[PDB]
Structure formats: structure tokens, C-alpha cells
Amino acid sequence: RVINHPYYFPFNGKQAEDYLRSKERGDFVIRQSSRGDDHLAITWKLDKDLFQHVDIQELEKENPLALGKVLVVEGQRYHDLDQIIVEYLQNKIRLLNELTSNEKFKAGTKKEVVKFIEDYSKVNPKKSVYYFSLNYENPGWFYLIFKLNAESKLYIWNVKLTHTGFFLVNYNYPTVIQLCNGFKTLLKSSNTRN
């Protein structure tokens, strides 16, 4: 099949990661999808050795080898690859940077952030604390690690980066501020939220 786009190469996933390894956060390629001929894929770089592969489903192809008139990414329809780059990918990159730039974002591993929170709770036994960190084994996820006070357990919740915001439990929170507010609401019993 023929795809006329500046960032299209018929790589597989591994080739794509090797190609992007020396690039920067947000750099990407459009590529061949593993199995099928009505699929394409985008691989993009989130961080050092951290890449996400995004599937594109085609609809309304004139024939097996033709580019679909409608392209679907994570449940959303788009007209073409350039629209996906502007409305889907650039958004996801925006949101990734919004979260990692936050004062409550911690670089470092799950274990490191858990230890930071344990230690902090030791010193401030009455103060709640929470941090976000990158899930390095499941690209595109974040940990939300928190502890209410010294008498309570440390917990780990999970946040998924989407093109519309940060998915936590129920909603796709469109900003980091709304995400933290939503987290705080989810800490309350259901009958004392509103």
C-alpha cells in the first residue's frame, strides 16, 4: 500500500522505537500496523526509552489497498492523518507536558516515590500527601501515589493519559487541576461528595 505522508515509514513497532530513540519527546512516525491492511499505527516518544504505540483503524476504504476516508483512534473519528496529528497527537503531547511540569510530578520510579511518601509521612504524620509519577512499564500511564496521614495506608491509583485529558476511575479530567480535584472527591465517601 501507498501512504503519502512526510512521517510515514513502513516500520514495525521495534524499528520505530529504534528510529525514535535519539529523538525528543513528542517525535513520532506513522507506520505499518502489525496485522491488518485496514490499520495503521503511530509510534511516539514520551521519554527516555519510553514509547507509545497508537492504533489507527481505517473505515470506508475503496479497496484493500486504499487509504480509508475515515480514520479511528481510541474511539474518535478523524478525516485524515494530518487531522490526527493536530487534534489527537499534539493534544496528548500537550497533556503529557502539563502533567510532568506540575509541582506534584515526581521523576523516579514507583519504589522511589513510595519511599519519598513514607519518609514524608514520618515527618508530617498529620498531613496528607500525593504525587504523580510515570509508569515506565505501561507507557502512557501515570501512578497517583498518596497517603492521608500516619495512621492510614499508602495507596496507588492509576491515571491514563488520553487525547482529551487524564482518565482516573470515572472521568477523563481535561486539566491537571480538575484531575487533582477529582482525586480529592474520590477520596470522600459517595454520600459526602455533594
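In this text, residue numbers run from 1 along the sequence as written.
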The stretch carrying the higher mean Cα B factor in the deposited entry, 51 to 59 or 27 to 35, is 27 to 35
The stretch carrying the higher mean Cα B factor in the deposited entry, 126 to 134 or 157 to 165, is 126 to 134
Entry record, C-alpha B-factors for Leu148, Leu46, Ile145, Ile42; the maximum is at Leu148
The third of the chain into which the C-alpha temperature factor of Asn12 falls is the highest
Split the chain's modelled residues into thirds by Cα B-factor; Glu118 lands in the highest
On the chain's distribution of Cα B-factors, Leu65 falls within the third called highest
Of the three thirds of Cα B-factor ranks in this chain, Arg94 occupies the middle
In terms of its chain's C-alpha B-factors, the third that includes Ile84 is the middle
